[PDB]
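Q: Please see the structure below; I have some questions.
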Amino acid sequence: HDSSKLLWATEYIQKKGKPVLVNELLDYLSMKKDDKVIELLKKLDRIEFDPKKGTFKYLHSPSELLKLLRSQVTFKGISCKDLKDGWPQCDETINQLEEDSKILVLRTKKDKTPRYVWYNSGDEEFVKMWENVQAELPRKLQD
Amino acid sequence: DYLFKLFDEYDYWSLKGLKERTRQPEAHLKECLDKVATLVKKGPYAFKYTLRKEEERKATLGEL
Amino acid sequence: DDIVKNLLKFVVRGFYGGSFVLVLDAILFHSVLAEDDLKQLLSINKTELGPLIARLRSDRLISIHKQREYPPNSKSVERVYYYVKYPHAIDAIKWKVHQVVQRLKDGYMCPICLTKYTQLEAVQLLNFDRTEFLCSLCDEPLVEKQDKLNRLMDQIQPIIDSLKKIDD
């Protein structure tokens, strides 16, 4: 039953609006001083563990997204929210890279206000003109 | 907090058993349980929630 | 295969959206995949991968070899081999661009009758009494883009130049 303590502590971090020391949490959350409370914060992505003493905070973006796509060169998909968590407020940068048509973004087939961002491996009249009807002998005549 | 002590006391229980204890609508009981407990719909215990510190959780509930 | 990859990217820019382009680039990153590998590689589902696969099958863009892995563990293994075939893609793109140019390269009508006439019909429809082209049955008056197609053709011209560079 260690799943609940993290949420009551984190929503408290939202209510207090400031980071809380592990001892201040353990005293306010009335728990025995322990590594697990910190370890849940080290585990949880919605809380930031600070290397200086205890501190627990709630929880360049375009360049970070480009580097992530380059590392992703082997990976053909990524999560939209995870990229935003890695680079806070990266949804806008992801959409901008989309509009640039390089790291291009894919508009949500679920809720049309959302947009996914994807990693780059790097009109029907126009399209039908570029497609039309689609054999080997005309290809050989073409070759 | 009381419901969680029941969960260590019972690996399987029901929204009915919980509503009987908490005297709250099963709908509210079903929301929080989704966080702590998970549902098993198959077997003899089907339609009953199973779990996955308790005192720390109780103090966190007291704080919030 | 850099020139072929660039031609494929240009085809993705011309034909369809960006998701299909990204799927093609993902196939380009990894040598060979069997029927499940895009799903592990991508966050899209298999049913939706299926609509995209049907779209690829509609065209000549890529090629499929259908192979079983023989070893008798349960039902063995359905492995599909997706390998791009360059000649079919080159032929289809040339047919489309030439057909597009022919469509860009490619009159009398009466308002009430909604009929249609041509130049030979013009010689027939001419009347000496008035000066006009008159309809046949209803005797009604007769009435009756390229530059914009030429500008869109400027986009087609870069693709044609890229195809010429790929050829030589």
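A quick note on method: Cβ atoms are made from the backbone with ideal geometry, for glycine too, and the neighbour counts reach across all protein chains shown. All of the numbers you see were taken from the coordinates with simple rules; none came from a lab.
Q: How big is Rg to Rh over chain C, alpha-carbon atoms, Rh as the Kirkwood inverse-mean-distance radius?
A: With Rg and the Kirkwood Rh in hand, the quotient comes to 1.26.
Q: Rg and Dmax of the range C:1-87, Cα atoms, in Å?
A: Rg then Dmax for the range C:1-87, in Å: 13.9, 45.
Q: Using the Kirkwood formula on the Cα atoms of chain A, what hydrodynamic radius do you get, in angstrom to one decimal?
A: Taking the inverse mean of 1/r over all distinct Cα pairs, chain A comes out at 19.1 Å.
Q: Calculate, for A:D35 and A:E92, the FRET efficiency according to 1/(1 + (r/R0)^6) with r their C-beta to C-beta distance and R0 22 Å; round to the nearest 0.05.
A: Once rounded, the FRET efficiency stands at 0.05.
Q: Regarding the range C:50-128, what is the average projected area of its C-alpha convex hull, in nm²?
A: Over every viewing direction, the Cα hull of the range C:50-128 projects on average to 11.2 nm².
Q: Using a 10 Å cut-off on Cβ to Cβ distances, tally the other chain neighbours for every residue of A:71-77 and report the average as a whole number.
A: 6
Q: Could you tally the net charge around C:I27, taking each other residue with its Cβ under 10 Å from the Cβ of C:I27, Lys/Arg +1 and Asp/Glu -1?
A: Cβ neighbours under 10 Å give a net charge of -1.
Q: Which FRET efficiency, nearest 0.05, do A:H60 and C:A54 yield, Cβ-Cβ r, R0 51 Å?
A: Approximately 0.80, to the nearest 0.05.
Q: State the Cα centre-to-centre distance between the range A:35-87 and the range B:1-45 in whole Å.
A: Distance between centres, Cα-based: 33 Å.
Q: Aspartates and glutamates near C:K85 by alpha-carbon distance under 16 Å, same-chain residues fewer than 8 away left out - which ones?
A: Within the straight-line cut-off, C:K85 pairs with A:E136, A:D143, C:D1, C:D2, C:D25, C:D59, C:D167.
Q: Counting each DSSP H run of 4 or more residues in the protein assembly as shown as -39500 (n - 2.57), what helix-only mean residue ellipticity at 222 nm follows after dividing by all residues, to the nearest 500 deg cm²/dmol?
A: -16000 deg cm²/dmol
Q: Along Cα→Cβ, 7 Å out, is where each label goes; now give me the distance between the ones at B:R23 and A:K16 in nm to one decimal.
A: 3.4 nm
Q: Further question: Using the basic label-point model (7 angstrom from Cα toward the beta carbon), what is the B:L64 to B:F47 distance in nanometres?
A: Rounded to a tenth, the inter-label distance reads 3.0 nm.
Q: Hey, got the dipole for the range C:75-149? About the Cα centre, +1 on K and R Cβ, -1 on D and E Cβ, debye to the nearest 20?
A: Computed charge dipole of the range C:75-149: roughly 960 debye.
Q: Quick one: work out Rg over Rh on the C-alpha atoms of chain B, Rh as Kirkwood radius.
A: Rounded to two decimals, Rg/Rh equals 0.96.
Q: Turning to a different aspect of this structure: Are any of the pairs A:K76/A:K112; A:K110/C:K96; A:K36/B:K35; B:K16/B:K42; A:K32/B:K42; C:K46/C:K96 more than 28 Å apart by Cα-Cα distance, and if so, which?
A: Distance filter (> 28 Å) returns A:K110/C:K96; A:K32/B:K42; C:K46/C:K96.
Q: Take the Cβ-Cβ distance between C:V143 and B:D8 as r, set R0 to 56 Å, and report the resulting FRET efficiency rounded to the nearest 0.05.
A: Taking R0 as 56 Å, the efficiency between C:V143 and B:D8 is 0.05.
Q: Determine Rg/Rh for the protein assembly as shown; Rg is computed over alpha-carbon atoms and Rh is the Kirkwood hydrodynamic estimate from the same atoms.
A: With Rh from the inverse mean 1/r over Cα pairs, Rg/Rh is 1.19.
Q: Okay, next question. Taking 1 over the mean of 1/r across every pair of different Cα atoms in the range A:8-53, what Kirkwood radius in Å do you get?
A: About 10.8 Å for the range A:8-53.
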